[PDB]
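J.: First the structure, which I've put down as structure tokens, then a few questions once you've had a look.
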Amino acid sequence: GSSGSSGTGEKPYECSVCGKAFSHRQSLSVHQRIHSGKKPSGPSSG
Ligand SMILES: [Zn+2]
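Okay, so the sequence shown: first residue is 1 according to PDB author numbering, each after it adds one.
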């Protein structure tokens with residue numbers, strides 16, 4: 001078939017917890033930080 005895209009972004013470093021991409025590993029680490037104690041069980045509770 002035909003799609004029209006040969007993945008022009010894929011990188012050796014891509015986050016999973018949130019699903020992001022980066023060029024260097026160091027850039028991926030500092031990013032994962034955003035996922036620090038920021039995962040509440042429920043959005044609207046209590
Ligand atoms: Zn992430």
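Here a beta-carbon is modelled for each residue, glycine too, at the ideal position from N, C-alpha and C.
Please name the residue in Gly1, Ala21, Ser3 and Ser16 whose C-alpha comes closest to that of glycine 9.
T.: Cα-wise, what sits closest to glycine 9 is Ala21.
J.: Comparing alpha-carbon positions, which option in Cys15, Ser5, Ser6 and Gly4 lies nearest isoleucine 34?
T.: Answer by Cα proximity: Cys15.
J.: When DSSP builds the beta bridges, which residues end up paired with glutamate 14?
T.: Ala21.
J.: Comparing the CB of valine 17 with every heavy atom of ligand 1, is any distance shorter than 7 Å?
T.: Checking every heavy atom of ligand 1 against the Cβ of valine 17, one is found closer than 7 Å.
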